[PDB]
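Chemist:
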Amino acid sequence: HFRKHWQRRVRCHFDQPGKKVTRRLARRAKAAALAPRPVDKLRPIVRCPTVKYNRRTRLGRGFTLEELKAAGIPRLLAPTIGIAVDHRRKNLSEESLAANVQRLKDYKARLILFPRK
Amino acid sequence: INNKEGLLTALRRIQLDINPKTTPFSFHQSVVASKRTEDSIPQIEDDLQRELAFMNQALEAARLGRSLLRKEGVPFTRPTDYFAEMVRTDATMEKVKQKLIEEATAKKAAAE
Amino acid sequence: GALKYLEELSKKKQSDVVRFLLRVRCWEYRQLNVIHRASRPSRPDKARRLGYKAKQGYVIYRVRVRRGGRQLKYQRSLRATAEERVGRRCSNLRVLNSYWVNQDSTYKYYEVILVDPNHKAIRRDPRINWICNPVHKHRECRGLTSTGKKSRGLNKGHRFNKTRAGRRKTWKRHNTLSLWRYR
Amino acid sequence: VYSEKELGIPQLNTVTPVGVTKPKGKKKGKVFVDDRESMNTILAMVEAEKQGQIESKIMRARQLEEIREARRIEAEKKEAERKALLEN
Amino acid sequence: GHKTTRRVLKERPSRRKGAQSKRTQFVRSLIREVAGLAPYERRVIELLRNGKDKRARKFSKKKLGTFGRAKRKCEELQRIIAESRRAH
Amino acid sequence: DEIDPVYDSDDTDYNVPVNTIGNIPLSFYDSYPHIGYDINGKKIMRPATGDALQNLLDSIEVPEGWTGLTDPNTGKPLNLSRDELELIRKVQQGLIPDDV
Amino acid sequence: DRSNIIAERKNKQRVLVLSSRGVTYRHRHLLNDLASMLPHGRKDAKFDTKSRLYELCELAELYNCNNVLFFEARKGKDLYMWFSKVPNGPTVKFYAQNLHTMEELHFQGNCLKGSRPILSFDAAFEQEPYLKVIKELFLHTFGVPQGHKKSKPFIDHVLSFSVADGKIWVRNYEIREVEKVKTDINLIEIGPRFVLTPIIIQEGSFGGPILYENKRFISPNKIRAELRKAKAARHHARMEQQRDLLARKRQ
RNA sequence: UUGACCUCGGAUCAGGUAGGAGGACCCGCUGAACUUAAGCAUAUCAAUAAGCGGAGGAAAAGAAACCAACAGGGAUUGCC
RNA sequence: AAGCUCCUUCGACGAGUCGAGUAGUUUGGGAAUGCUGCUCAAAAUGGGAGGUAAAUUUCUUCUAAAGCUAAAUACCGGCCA
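Chains as they are written, first to last, in PDB author numbering: chain LL, 13 to 129; chain CU, 190 to 301; chain LN, 2 to 71, 91 to 203; chain CX, 63 to 150; chain Li, 23 to 110; chain CC, 152 to 251; chain CA, 22 to 203, 227 to 295.
Dropping the structure here:
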């Protein structure tokens, strides 16, 4: 299966350990700037679409406005205290709403919020 | 759901007069076979026998149709001087003839 | 709310009023040069919704391009060549957008909106000062305008697999043999 | 290159009618041509083919027309033969 | 599939399938009177007034390219006939 | 109410030819006394032959409705009529798409 | 007289051959073949899917057609055929499969375009009441009225309808005459070859009560759906096996 | 007579701006044939090479007229 | 100046653009996979895509023809190491 000019498009990954160090240093840089804050953002629990994977859950893009209000977190403050917000996802079932609301209350219990100035 | 009374009622509303005692064969030109084709088809996956069964059914209708039409006086045979359009173009039938040439050439070249 | 009335009027291009105006204006543009500056948009509603403001730094150049084909068909649009020719004449300006004004049977007429990046009004004002950055030089030449995006096929879905995120880049990605250290 | 006559190639229905076909390997009845009228029709076609291309439109029409009159006379003659044989 | 408790979701402002804006209908009706009619709509108007409703739909489809477009355009021009008679 | 399957005065098949000959070339029937068959199975005969002098006159001064085509129904040349010529004149100039 | 029919008794039949938006090239080839054999029918362009099924009635009322032959495609893969009498008559919905249109170079037959055919029906059409409704609808769609001025004078092909399985098999043959040995008819297939399985019969143009249901129709999507469920079932089986293996490994 | 407005011009007018180079990677246009296989032709090489235009430290894309048929996912990009 | 809450009041969303026909090219992709030229040329409980034999074209999911945006990605060229 080499009917094209494959030799001019061949990528060798000799920088695999070099890029890993670069990625690890970039993660350290984020911790340097956001010193007490985590380097990530809290993300919700979602169910995989297909019937092949619907028995398993994973992480979504951001929290729905309805489940953010049920937790007791204002919309405009959520991206500021380290919570991802997704305005495209709908709940459609109490099961998804309850799981992510409980996730938010667990996040609020562990939070240390400093005065503004 | 098989509403035989409703099905026959629907048929009566759109039925044309096809009775031979008052409607000549030229009007409808439809023939209903006396035997059942599936009774001559033991297995439906047998392509050779299935297509032979359909051909035989159509052959009888064409044979009976010709006899009735010629009795009534409707012309049947296409005259050799009647050139008219067909359902398949000249180019299509030229391709069909060429493929028959190619198969015959391959068969005869193999023997040679 | 005059622009909402103009939007509906521009929808009826074969109406008696619009046909009359387009007939007379087509003759007038034909007496003028192929590329000439228009002091004012002839479709103020269309220019406004494409990003035109009445500031110092916004200009309109209208241009007519010969229509037809090269049986070969140009992969870019007649609107793309109209923008590219106007940009060459006004080499100091940045092409923002363009719109159709008239067709005729020999030509095809467009009005092009251009922004001056070296004007203080544009530089101090946000919403337009992004065009002052050097990464926006000759967008019409690179297919970065609205016409170029349509021609390149930059849409999401299963009907645009081969051409979104770059057609040539996708081909290179699909035709590159990747060999790892631990095979 | 081999002749289509040598190969057992089925005849195809086209704008030119196949007509009533004859079974292979059987008696294809000889239809004799001996009338002066029947010979005239065949002769007109042969002469037209040999002449070929004629630049005059009227002269081309006349060549086609004489074949038409030859066909009409032959059809009339064969019709009269049928009537005489059918009646007498 | 699985049994989950369904939820009632808030109406989406992206829905354009509700009562459309009264102002845009006003603008469309006013502009249509001001602008006039296209040459092909003039043909349809003559056909509808003469009673050739069938020909009106066929001609409109040829110009537009869809049965639904032909139906809407014929209904729209029918209203103009009703109003113009009432206005006169 | 039921439909009456009739051809309105504006259908494509409102006026159908008597020749019962399709889109085939008229090169067939060139050497034949007849031109086509009707729907009853009877052959349509060629009408007549024009004079040679009339053909020369037509060649020198072409008739108004001359088209260069051959009528399938009757092998004589197809000529436009006055009403048809007005229709081509109206369309090619566009001044009057329809009267009144 | 606007009927374009010259006969003692006029059987005025006009057919509207209509296609939906998502038809394939093979489906269109089948439609073009059937339109050629129908001199009293006319072709019609793509029909809106979001519209209503009785909008076909005023569409056919627009063209003075009292028979509708409707081609409906799903997913760009499947074909469904509707036969209807436009104002009020019965309507039957089929699933068309095994399509072999013209221009396939293995038929070797031809016939006049518009010639009146011989309709060959099976004995099954005369017994089952629902097959008798389809027989009449077929006789109207492929009737080619006697005195029609677009038909051809001489008859040279036979259209045959057969019922072998729970399906209707449509074949088209050329009547070839051969001189007898001291004339007999030989048949050659010329045209479209397709199978119709009856789904439903409804009184009314494109609605009304259902008078027949197949109760054995296997949808092509049903075959597809089972294949997807099988792939998911295998994955769930492997996941369950791993969970049981982990539990027994702990034990 | 005077004065506005519109449109079009002059000026070595006051202040600016573009061209060229580079082109490894990037965005477009244009665009082959050797070669491979097959009665032939389409195909393959290749939506590549050559040619033209336009950027940057990255470029391009990008916040659904999307995927899905789910107990649903949720801008773009890249690896498996 | 700003966030929210409530409501006997309102709630504007992109046209020679979709689309139909046709020609060339292109894709694994005639529901035309996409693009371009030409002819015609729209809508507002609208429009696009998809699911569905399930009895009518019900149901699902988005909002095109205006625009900006770092990062993970490429790098035979530039300054070095």
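Think of the CB as a built atom: it goes at the ideal place given N, C-alpha and C, for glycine as much as any other residue.
Which word fits residue 14 of chain LL, buried or exposed, when buried means at least 16 other C-beta atoms lie within 10 angstroms of its C-beta?
Modeler: In the first sequence, residue 14 of chain LL corresponds to position 2, counting from 1. By the neighbour-count rule (16 or more Cβ atoms within 10 Å), residue 14 of chain LL is not buried but exposed.
Chemist: From this set, CA:34, CA:251, CA:140, CA:150, which residue's C-alpha is nearest residue 85 of chain CA's C-alpha?
Modeler: If you number the seventh sequence from 1, residue 85 of chain CA lands on position 64. When each option's Cα is compared against that of residue 85 of chain CA, the closest is CA:34.
Chemist: Rounded to whole angstroms, what is the Cα-Cα separation between residue 172 of chain CC and residue 32 of chain LN?
Modeler: Numbered from 1 along the sixth sequence, position 21 holds the residue referred to as residue 172 of chain CC. Numbered from 1 along the third sequence, position 31 holds the residue referred to as residue 32 of chain LN. Going by the C-alpha atoms only, they are around 55 Å apart.
Chemist: By Cβ distance, which residues of its chain are closer than 6 Å to residue 63 of chain LN, with the 5 residues on each side in sequence left out?
Modeler: Taking the first residue of the third sequence as 1, we reach residue 63 of chain LN at position 62. Within the same chain, residue 63 of chain LN has close Cβ partners 39, 131.
Chemist: Taking just the CA atoms, how far does residue 138 of chain CA sit from residue 263 of chain CU?
Modeler: The count along the second sequence starts at 1 and reaches residue 263 of chain CU at position 74. The count along the seventh sequence starts at 1 and reaches residue 138 of chain CA at position 117. Straight-line Cα distance between these residues: approximately 13 Å.
Chemist: Just to make sure I have the definition right: I need the residues of chain Li whose C-beta is within less than 7 Å of the C-beta of residue 159 of chain CC. Which are they?
Modeler: Position 8 of the sixth sequence, counted from the first residue, corresponds to residue 159 of chain CC. Residues of chain Li passing the Cβ test: 76.
Chemist: Excluding five sequence neighbours on each side, which residues of the same chain lie with their C-beta closer than 6 Å to the C-beta of residue 53 of chain LL?
Modeler: Your numbering for residue 53 of chain LL matches position 41 in the first sequence. The answer, listed in chain order, is 94, 96.
Chemist: In three-state DSSP terms, what is residue 112 of chain CA?
Modeler: As a working note, residue 112 of chain CA is residue 91 in the seventh sequence. Strand at residue 112 of chain CA.
Chemist: Taking the alpha-carbon positions, what's the residue 139 of chain LN to residue 153 of chain LN distance?
Modeler: Here residue 139 of chain LN refers to the residue found at position 119 of the third sequence. Here residue 153 of chain LN refers to the residue found at position 133 of the third sequence. Those two C-alpha atoms are separated by around 13 Å.
Chemist: From Li:81, Li:27, Li:33, Li:48, pick the residue whose C-alpha is nearest to that of residue 66 of chain Li; which is it?
Modeler: Here residue 66 of chain Li refers to the residue found at position 44 when the fifth sequence is read from its first residue. Among Li:81, Li:27, Li:33, Li:48, the Cα nearest to that of residue 66 of chain Li belongs to Li:81.
Chemist: Using C-beta distances below 8 Å, list every residue in its chain close to residue 11 of chain LN, excluding the 5 sequence neighbours before and after it, in chain order.
Modeler: Locating residue 11 of chain LN in the third sequence gives position 10, counting from the first residue. Result list for residue 11 of chain LN: 19, 44, 46, 47, in chain order.
Chemist: Strictly under 8 Å for the Cβ-Cβ distance: is residue 226 of chain CC near chain CA by that measure?
Modeler: Stepping through the sixth sequence from its first residue, residue 226 of chain CC is reached at position 75. No - not a single Cβ of chain CA is within 8 Å of the one on residue 226 of chain CC.
Chemist: Would the beta-carbon of residue 53 of chain CA fall within 8 Å of that of residue 164 of chain CC?
Modeler: For the purposes of this step, residue 53 of chain CA is identified with residue 32 of the seventh sequence, where counting begins at 1. For the purposes of this step, residue 164 of chain CC is identified with residue 13 of the sixth sequence, where counting begins at 1. The answer is no: Cβ separation not under 8 Å.
Chemist: Use the C-beta contact count for residue 94 of chain LN: other C-beta atoms within 10 angstroms, 16 or more gives buried, fewer gives exposed.
Modeler: Residue numbering aside, residue 94 of chain LN sits at position 74 when the third sequence is read from its first letter. The residue in question, residue 94 of chain LN, is exposed, as its Cβ has fewer than 16 Cβ neighbours within 10 Å.
Chemist: Would you please state the rounded distance, in angstroms, between the beta carbons of residue 202 of chain CU and residue 110 of chain CA? I believe it to be under 8 Å.
Modeler: Walking along the second sequence from the start, residue 202 of chain CU turns up at place 13. Walking along the seventh sequence from the start, residue 110 of chain CA turns up at place 89. Confirmed, about 7 Å.
Chemist: Does the beta carbon of residue 192 of chain LN come closer than 8 Å to any beta carbon on chain LL?
Modeler: The sequence position of residue 192 of chain LN within the third sequence is 172, counting from 1. Yes, contact with chain LL.
Chemist: Looking at chain CU, is there any beta carbon in it that lies within less than 8 Å of the beta carbon of residue 110 of chain CA?
Modeler: Your numbering for residue 110 of chain CA matches position 89 in the seventh sequence. For residue 110 of chain CA, the answer is yes, since a Cβ of chain CU falls inside 8 Å of its Cβ.
Chemist: Residues in the segment 93-112 of chain LL with C-beta within 9 Å of chain Li's C-beta atoms, listed in sequence order?
Modeler: The residues in question are 102, 103, 104, 105, 106, 107, 108, 109.
Chemist: So what's residue 195 of chain CU in DSSP terms, helix, strand or just coil?
Modeler: Position 6 of the second sequence, counted from the first residue, corresponds to residue 195 of chain CU. In this structure, residue 195 of chain CU counts as helix in the three-state DSSP scheme.
Chemist: According to DSSP, simplified to helix, strand and coil, what is residue 118 of chain CA?
Modeler: Counting from one through the seventh sequence, the residue named residue 118 of chain CA turns up at place 97. Strand, per DSSP.
Chemist: Anything in chain CA within Cβ reach of residue 51 of chain LL, meaning under 9 Å, just list it in chain order.
Modeler: Locating residue 51 of chain LL in the first sequence gives position 39, where the first residue counts as 1. Going along chain CA, no residue has its Cβ under 9 Å from residue 51 of chain LL, so there is no contact; the nearest lies around 33 Å.
Chemist: Can you tell me whether residue 82 of chain CX is buried or exposed? The criterion is at least 16 other CB atoms within 10 Å of its CB, across all chains shown.
Modeler: Here residue 82 of chain CX is taken as the residue at index 20 of the fourth sequence, counted from 1. Looking at its Cβ environment, which holds fewer than 16 other Cβ atoms inside 10 Å, residue 82 of chain CX is exposed.
Chemist: Give me, in chain order, the residues of the same chain whose beta-carbon lies closer than 8 Å to that of residue 185 of chain CC; leave out the 5 immediate sequence neighbours on both sides.
Modeler: The residue labelled residue 185 of chain CC in the question sits at position 34 within the sixth sequence. Closer than 8 Å at the Cβ level, and outside the excluded window around residue 185 of chain CC, lie 194, 195, 196, 197.
Chemist: Under the assumption that residue 76 of chain LL contacts residue 57 of chain LL (Cβ atoms under 8 Å), give the Cβ distance between them as a whole number of angstroms.
Modeler: In the first sequence, residue 76 of chain LL corresponds to position 64, counting from 1. In the first sequence, residue 57 of chain LL corresponds to position 45, counting from 1. 12 Å between Cβ atoms; not a contact.
Chemist: Run through DSSP, which three-state label would residue 232 of chain CU get?
Modeler: The residue given as residue 232 of chain CU occupies position 43 in the second sequence. In this structure, residue 232 of chain CU counts as coil in the three-state DSSP scheme.
Chemist: Could you check the C-alpha separation between residue 88 of chain CA and residue 268 of chain CA for me, to the nearest Å?
Modeler: One-based indexing of the seventh sequence puts residue 88 of chain CA at position 67. One-based indexing of the seventh sequence puts residue 268 of chain CA at position 224. The straight-line gap from Cα to Cα measures roughly 34 Å.
Chemist: Could you check the C-alpha separation between residue 273 of chain CU and residue 67 of chain CX for me, to the nearest Å?
Modeler: On the second sequence, position 84 is the one that residue 273 of chain CU refers to. On the fourth sequence, position 5 is the one that residue 67 of chain CX refers to. Each residue's alpha carbon lies about 26 Å from the other.
Chemist: Is the CB of residue 136 of chain LN under 8 Å away from at least one CB in chain Li?
Modeler: By one-based count along the third sequence, residue 136 of chain LN stands at place 116. Chain Li, which has no Cβ nearer than 8 Å to the Cβ of residue 136 of chain LN, makes this no.
Chemist: Give the range of the alpha helix (DSSP H) segment to which residue 48 of chain CA is assigned.
Modeler: Position 27 of the seventh sequence holds residue 48 of chain CA. Its alpha helix (DSSP H) spans residues 46-58.
Chemist: What residues in its chain sit with their C-beta under 6 Å from that of residue 62 of chain Li, if we drop five residues either side in the sequence?
Modeler: Numbered from its first residue, the fifth sequence carries residue 62 of chain Li at position 40. 85.
Chemist: Since residue 68 of chain CA meets chain Li, which of its residues come closer than 8 Å, beta carbon to beta carbon?
Modeler: Translated into the one-based positions of the seventh sequence, residue 68 of chain CA becomes position 47. Within 8 Å Cβ-Cβ: 89.
Chemist: Considering Cα atoms alone, identify which of CA:101, CA:40, CA:100 is closest to residue 77 of chain CA.
Modeler: Within the seventh sequence, residue 77 of chain CA is the residue found at index 56, counting from 1. The shortest C-alpha separation from residue 77 of chain CA is found at CA:40.
Chemist: For residue 188 of chain LN, decide whether its Cβ has a neighbour in chain LL, counting only Cβ atoms nearer than 8 Å.
Modeler: For the purposes of this step, residue 188 of chain LN is identified with residue 168 of the third sequence, where counting begins at 1. For residue 188 of chain LN, the answer is no, since every Cβ of chain LL falls outside 8 Å of its Cβ.
Chemist: For residue 30 of chain LN, count neighbouring Cβ atoms within 10 angstroms of its own Cβ and tell me buried if that reaches 16, exposed if not.
Modeler: Residue 30 of chain LN sits at position 29 when you count from the first residue of the third sequence. Per the 10 Å Cβ criterion, buried.
Chemist: With DSSP as the reference, label residue 30 of chain Li as helix, strand or coil.
Modeler: The residue given as residue 30 of chain Li occupies position 8 in the fifth sequence. DSSP places residue 30 of chain Li in coil when its eight states are reduced to three.
Chemist: So, is residue 282 of chain CU buried or exposed, given that buried needs 16 or more other C-beta atoms within 10 angstroms?
Modeler: Sequence index remark: in the second sequence, residue 282 of chain CU carries index 93 (1-based). It counts as buried.
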